[PDB]
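Single chain ahead, by itself, as structure tokens, in the form deposited without the partner chain.
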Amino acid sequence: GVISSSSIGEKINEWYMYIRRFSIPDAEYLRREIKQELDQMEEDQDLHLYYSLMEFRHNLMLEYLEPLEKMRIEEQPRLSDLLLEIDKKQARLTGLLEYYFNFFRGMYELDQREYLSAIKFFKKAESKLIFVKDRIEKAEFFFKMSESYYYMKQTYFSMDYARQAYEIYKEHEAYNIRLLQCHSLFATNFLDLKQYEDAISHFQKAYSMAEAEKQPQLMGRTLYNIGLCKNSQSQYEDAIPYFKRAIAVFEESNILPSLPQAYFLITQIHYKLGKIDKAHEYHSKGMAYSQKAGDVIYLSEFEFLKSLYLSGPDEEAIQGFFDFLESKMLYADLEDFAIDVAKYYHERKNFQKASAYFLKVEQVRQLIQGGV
């Protein structure tokens, strides 16, 4: 009887704090206890709404850490609908609840590569940020803004938001996962700016923390990143072992949503340097993975490889693919790919096409400017 809308609200906030700490077991426990008490009151909607919002967030974490859903034939995910339930009742909520709704909805839209959606939601959250009491929450927000801007190649804003998050995380006890991630963001941005010297340093600190944390997601991701950095430098051969290692980790612990990207870079590399047989072997594995993970976008990108190397070169298909990426705001991938294509046409005889594609790159940078 001690329990009251206020009693459970505090329990929910405690629950949230463990989520942010990536500590799966404590969260699970609190969630279960809390569900029971909720069932008991039956009384109040908003408290239930808060719970739903947290559960949504909780699931985002599980999906990230031990995402894999070796698929029970059909119970899933709570993510798709939970998104639905909350969406259904979004008018009901104000204050801190409005913040969480937008913030977490932003987070979801972000991992669907709906960068446009993600950023609007975030701006909306940002407005309600005055309702946020503790400093770690600001940190989470900064971290997410940073991540979103990174995907959009807003280098200055990404980097600066990473700094802000870092400062808050560092002064706190058990946020190594987020600290690790800040390093990743610092590195990936440095990579954008071509500052390879700094990039490496950060990538590495990140990786190192990944090992201390023993979390397969992050290990694979950190390795992938190191390899990405090598590849960026055109030193392809050196990237392979770093990619392969990342793949092994992702496969080992069944991190399916991460697998498509992995296969993709490795695959591109082999073709690139002529080792075709391995190329198809990786290609098939990656195409297959992108279906299983329902990454239609990566699926299209893999098809793009097909489009260019074999059947080389399916111009209409390439053009279509670029239009797709463009219409999906996916300007960074668009830029890289436009470059690959132009170079590829250059080493082959003819420059009509290569010049046109180089011209497309500059266009894309100017355009890439527009956003926020």
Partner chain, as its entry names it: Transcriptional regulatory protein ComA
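Residue numbers count along the first chain shown, from 1.
The mean Cα B-factor in the deposited entry runs higher for 341-349 than for the other of 320-328 and 341-349. Stretches compared: 139-147, 279-287. Higher mean C-alpha B-factor in the entry: 279-287. Among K89, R105, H183, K292, the highest C-alpha B-factor in the deposited entry belongs to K89. Highest C-alpha temperature factor among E173, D192, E301, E109, as the PDB entry reports it: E173.
Looking at the C-alpha B-factors along this chain, the one for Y29 belongs to the highest third. When the modelled residues of the chain are ordered by their C-alpha B factor, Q235 lands in the highest third. Sort the chain's modelled residues by C-alpha temperature factor and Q204 lands in the middle third, per the entry. In this PDB entry, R57 carries a Cα temperature factor that places it within the lowest third of its chain's modelled residues. Annotation for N254: C-alpha temperature factor in the middle third relative to the rest of the modelled chain, per the entry.
Heads up, the form deposited with the partner chain bound isn't pictured, but that's what we're talking about next.
At a distance of at most 4.5 angstroms from the partner chain in the deposited bound form, none of the three residues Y16, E43 and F56 contributes a non-hydrogen atom.
Residues within 4.5 angstroms of the partner chain in the deposited bound form, judged by any non-hydrogen atom, belong to 68-76 and to none of the other stretches in 68-76, 91-99, 129-137, 276-284. Contact annotation: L62 falls within 4.5 Å of the partner chain in the deposited bound form, judged by heavy atom distances. Using a 4.5 Å cutoff between non-hydrogen atoms, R21 counts as a contact of the partner chain in the deposited bound form.
Residue contact check for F324: none of its heavy atoms lie within 4.5 Å of the partner chain in the deposited bound form. The partner chain is not drawn, but in the deposited bound form it has a heavy atom within 4.5 Å of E28.
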